[PDB]
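Beneath this line is the structure, given in structure tokens, with notes to follow.
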Amino acid sequence: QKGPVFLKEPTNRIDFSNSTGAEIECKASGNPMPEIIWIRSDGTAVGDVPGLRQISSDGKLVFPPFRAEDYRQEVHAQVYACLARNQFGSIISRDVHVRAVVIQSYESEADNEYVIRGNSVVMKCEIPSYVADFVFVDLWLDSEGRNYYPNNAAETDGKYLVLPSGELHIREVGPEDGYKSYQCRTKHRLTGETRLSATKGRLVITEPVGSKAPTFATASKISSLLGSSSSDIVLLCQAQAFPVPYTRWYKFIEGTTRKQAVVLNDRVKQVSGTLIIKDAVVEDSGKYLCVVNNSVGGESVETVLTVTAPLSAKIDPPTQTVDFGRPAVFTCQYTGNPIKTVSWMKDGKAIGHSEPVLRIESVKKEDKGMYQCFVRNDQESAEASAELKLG
Amino acid sequence: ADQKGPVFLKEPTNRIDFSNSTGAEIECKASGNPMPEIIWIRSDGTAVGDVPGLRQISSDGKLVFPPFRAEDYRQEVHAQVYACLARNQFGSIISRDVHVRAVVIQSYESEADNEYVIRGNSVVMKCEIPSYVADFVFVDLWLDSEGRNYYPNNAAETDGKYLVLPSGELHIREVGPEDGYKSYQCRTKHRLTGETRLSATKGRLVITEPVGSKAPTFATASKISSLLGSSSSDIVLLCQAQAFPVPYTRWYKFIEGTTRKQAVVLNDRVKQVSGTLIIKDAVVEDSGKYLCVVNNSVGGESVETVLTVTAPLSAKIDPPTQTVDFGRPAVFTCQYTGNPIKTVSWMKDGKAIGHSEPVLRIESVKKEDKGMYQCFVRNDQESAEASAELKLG
Ligand SMILES: *[C@@H]1O[C@H](CO)[C@@H](O[C@@H]2O[C@H](CO)[C@@H](O[C@@H]3O[C@H](CO)[C@@H](O)[C@H](O[C@H]4O[C@H](CO)[C@@H](O)[C@H](O)[C@@H]4O)[C@@H]3O)[C@H](O)[C@H]2NC(C)=O)[C@H](O)[C@H]1NC(C)=O
Ligand SMILES: *[C@@H]1O[C@H](CO)[C@@H](O[C@@H]2O[C@H](CO)[C@@H](O)[C@H](O)[C@H]2NC(C)=O)[C@H](O)[C@H]1NC(C)=O
Ligand SMILES: *[C@@H]1O[C@H](CO)[C@@H](O[C@@H]2O[C@H](CO)[C@@H](O)[C@H](O)[C@H]2NC(C)=O)[C@H](O)[C@H]1NC(C)=O
Ligand SMILES: *[C@@H]1O[C@H](CO)[C@@H](O[C@@H]2O[C@H](CO)[C@@H](O)[C@H](O)[C@H]2NC(C)=O)[C@H](O)[C@H]1NC(C)=O
């Protein structure tokens, strides 16, 4: 009577510690009631692995907590999927990427910053790369016991500002800021446990002798970063000079040398030399230029920004009934950036068609069933289902 | 007879850097008949006199900056761009731009970082130098807890466990657990004061045994970077990425069409060490966009690097001297080298003639035209000049 439709579809990424474990739930409607079958991305069904992987009584895929020595890649590092099958047909859920992580101790270091008097600075929380995925800055702390907290930047005024990217920004540092030592608290997403940095960083304020031209922390005149739509993005410009330089941001026109001055508003803001883009959208993508001038001279560093958007898929029509021999057409309406590939499936099998529109010119008894459109990134996947009825 | 305009025998270098304690002396010498007078000037053409205890003109033509206390630093003296003026009755010539930079010595400490590495792949160890001494301080040698000294190599032979790169960082092939049993210290040497200093912090290699497999991961999320290099110098393009199983890496160089790319040809000159590309004895033609591609069974990643190779500026005028009979044609051809070239300009007895073309032609030689001529090639960071004389018959 009716094909399967996912009511609750597992997320693309499931990350958990070996201590917590995880349980993945998948549910779908239909008439008759579809059966839920957990599978790998390649389509094979998954069974119980003692102490490691279990199919629950309610149809949930479970990974109970386990010893680090019991780690298996075939289970814990595997990409899974949910299969909802019916007499009418079957559908496959978007890729479920399971990563079980054995929790391993780490140390964060707060770096010192050597500053020319009057220039603004940004303090970094150094996080070892192996925990870099699961660890972020909780807050900043100083020797006198003052707390600086992360905020979506509604108000950029004030001396100390914690950037959305986790660094601690400080306006116009004088000698009076040199008596403080700064420390950063890190938070682990999986364990929820907090840890202070092993090393306290502190500002070294050097009084300017003579004049100095703009000088960046690095000699690299170009870089890039990735960002999410609807998330607050930070473009850093790190330069020190005396007399204190002024910074302006420009945006190049696509495939052109020409560029426009970035317009600053209640969403796009500039804190000293740093640029913050709140509530980012895909169109913010492009090539940006930071220009730093002072009386003695000037420099320019470049940045390439790419703003990602979540993948979504919709098939028009959701349902259609065609007669034997007549054409049947499916149009996949998808969104999100970037898009690497489009692909189609029928009742859980690759149809070998990469175009957003799928058309069966002469329909047979075989073609009846559920159809799916799959859009994917390296990072992501999305799925939409549609049903085809005969007569 | 034997009468000739000025020509520089010794032209002071483009960059003069010295510590407040050491001091400096800049000497400019030029020939001529009669003996030319040497006069020190600024870039604007104004003459400079003696500033007591700070700047002094020696009558033999030396510009002297005796040692001074940090309190005595003057922007108008120590940070100034100078030039040498050699004048005679026939004309005058101005030397290349001389950038004088005096530096008050600041105490510093370099950090030898501990680096986390997955077993089996290569690692490069950073020596952090405070950005304010970054100009004047470089890595002299590496030293380890066992007392083994590693010295910077020209990269003649890149085989072997340990290779100190031209840039000063320490590269290590196929790190095993045993390579983490020891701790490393880098020794930095200050260029101006000649003093050597230990890192005072010993970095240690942490070898983490792989739990499952992981795709290529770079130290930073940046997919692009650029760097500058000088001709004849050994240039290092770093690719620092970890994966398990240990990944294989490929270097490419984009075509000027920018769509196409070619595999980098490895030879006795251009050679890569386990993912780190070294270009020895660099030339201008090595410039371009490079791509480091790290692919593995689990996945792949590619980082881009834009390299620019600079060559020193030099200028020479084809005739050094010529004598015209008032026959109307007269010609000077400026031979210049180096990269990049921002501007070419001709000067007459120390003043711009408003001609930027490499070949200066004076049609209609007249008594107004007698004097010294100069070709001037400039980039932002350097300058060069050539001298020539014009005589009448
Ligand atoms: C998930 O994996 C992690 C490892 O990746 C695992 O955490 C580790 O558990 C072991 C226990 O099996 C811990 O060992 C302890 O270490 C502390 C020091 O940190 C010791 O003080 C403890 O004392 C023990 O020693 C006695 C004998 O010497 C025992 O008889 C006594 O009962 C105590 O157990 C003990 O040695 C280890 O520290 C942690 N490591 C980390 C980083 O947390 C975790 O248990 C795994 N989770 C599950 C659910 O299996
Ligand atoms: C600020 O400094 C910049 C240099 O970073 C100056 O602009 C550059 O000038 C050079 C020529 O020397 C050009 O090749 C660049 O294309 C210019 N870049 C830009 C972004 O303009 C600029 O003139 C300086 N501005 C002031 C007011 O001094
Ligand atoms: C050059 O400047 C440095 C300061 O940067 C001077 O070194 C100082 O010397 C005094 C003694 O006269 C010491 O008490 C300080 O600790 C030193 N400071 C540093 C940073 O070394 C040095 O004397 C100056 N040189 C001359 C010739 O005066
Ligand atoms: C090596 O890695 C690259 C990605 O770093 C793989 O994919 C290439 O990705 C680009 C997109 O940036 C596509 O345009 C190319 O077509 C992809 N390459 C191919 C061959 O399709 C690449 O596939 C990897 N190569 C191998 C042999 O694994």
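In order, the protein sequences belong to chains A and B.
Here the first sequence is numbered in PDB author numbering, starting from 1 and rising by one per residue.
Here the second sequence is numbered in PDB author numbering, starting from -1 and rising by one per residue.
Think of the CB as a built atom: it goes at the ideal place given N, C-alpha and C, for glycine as much as any other residue.
| Item | Value |
| --- | --- |
| Proximity test, Cβ basis, 9 Å: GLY210 (chain A) and chain B | yes |
| Chain B contacts made by the stretch 54 to 77 of chain A, where a contact means CB separation under 8 Å | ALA68, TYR71, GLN73, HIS76, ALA77 |
| Inside the stretch 328 to 359 of chain B only - beta strand (DSSP E) runs reaching at least 3 residues | 328 to 337, 341 to 346 |
| Residue 428 (chain A) Cβ short of 8 Å to ligand 4 heavy atom set | Residue 428 (chain A) is absent from the model: chain A starts at 1 and stops at 391. |
| Contact set between the stretch 279 to 296 of chain A and chain B, restricted to residues whose Cβ is under 8 Å from the partner | none |
| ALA77 (chain A) beta carbon near ligand 1 (any heavy atom closer than 8 Å) | no |
| Coarse secondary structure for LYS365 (chain B), derived from DSSP in three states | helix |
| For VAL234 (chain B) and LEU163 (chain B), believed in contact at Cβ under 8 Å, the rounded distance | 5 Å |
| Short Cβ contact (9 Å threshold) for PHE66 (chain B) with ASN112 (chain B) | no |
| Proximity test, Cβ basis, 9 Å: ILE222 (chain B) and chain A | yes |
| Through-space distance from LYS269 (chain B) to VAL263 (chain B), alpha-carbon basis | 8 Å |
| Stretch-stretch touch, CB-based, cutoff 8 Å, three pairs: the stretch 358 to 377 of chain A with the stretch 61 to 79 of chain B | no |
| Cβ-Cβ distance between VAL291 (chain A) and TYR250 (chain A) below 9 Å | yes |
| Any C-beta of chain A under 9 Å from that of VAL102 (chain B) | yes |
| Any non-hydrogen atom of ligand 6 within 8 Å of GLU380 (chain A) CB | Absence of ligand 6 from the depicted structure is noted, with ligand 1, ligand 2, ligand 3 and ligand 4 being the only ligands included. |
| Which of helix, strand or coil DSSP assigns to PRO50 (chain A) | coil |
| Residue environment, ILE116 (chain B), which counts as buried when at least 16 other CB atoms sit within 10 Å | buried |
| Residues bridged to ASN293 (chain B) [DSSP beta-bridge criterion] | B:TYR246, B:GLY298 |
| Cβ-Cβ distance between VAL62 (chain B) and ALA22 (chain B) below 9 Å | yes |
| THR341 (chain B) to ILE14 (chain A) span [Cα, whole Å] | 59 Å |
| Within 9 Å, strictly: CB atoms of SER224 (chain B) and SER224 (chain A) | no |
| Local conformation of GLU172 (chain A) per DSSP, three classes | coil |
| Simplified DSSP state of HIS76 (chain A), which is helix, strand or coil | helix |
| Selected residue, minimal CA-CA separation from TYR182 (chain B), among B:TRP140, B:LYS8, B:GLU207, B:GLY210 | B:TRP140 |
| Start and end residues, beta strand (DSSP E) containing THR215 (chain A) | 212 to 216 |
| Cβ of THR206 (chain A) within 9 Å of any chain B Cβ | yes |
| CB contact below 9 Å: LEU226 (chain B) versus chain A | yes |
| Helix, strand or coil at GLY286 (chain B) [DSSP, three-state] | strand |
| Rounded Cβ spacing between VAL122 (chain A) and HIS169 (chain A) (contact assumed at less than 8 Å) | 5 Å |
| Positions along the stretch 101 to 134 of chain A whose CB lies within less than 8 Å of some CB in chain B | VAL102, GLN104, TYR114, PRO128, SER129, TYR130 |
| CB contact flag (residue 405 (chain A), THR306 (chain A), <9 Å) | The first residue shown for chain A is 1 and the last is 391, placing residue 405 (chain A) beyond what the model contains. |
| Closest by C-alpha distance to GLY255 (chain A), when choosing among A:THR321, A:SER285, A:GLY336 | A:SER285 |
| DSSP-derived helix/strand/coil call for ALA153 (chain B) | coil |
| Among B:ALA45, B:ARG72, B:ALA384, nearest to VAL209 (chain A) - alpha-carbon criterion | B:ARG72 |
| Within the stretch 225 to 269 of chain A, ranges of the beta strand (DSSP E) (whole runs, at least 3 residues) | 233 to 235, 239 to 242, 246 to 252, 259 to 261 |
| Secondary structure of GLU69 (chain B), DSSP reduced to three states | helix |
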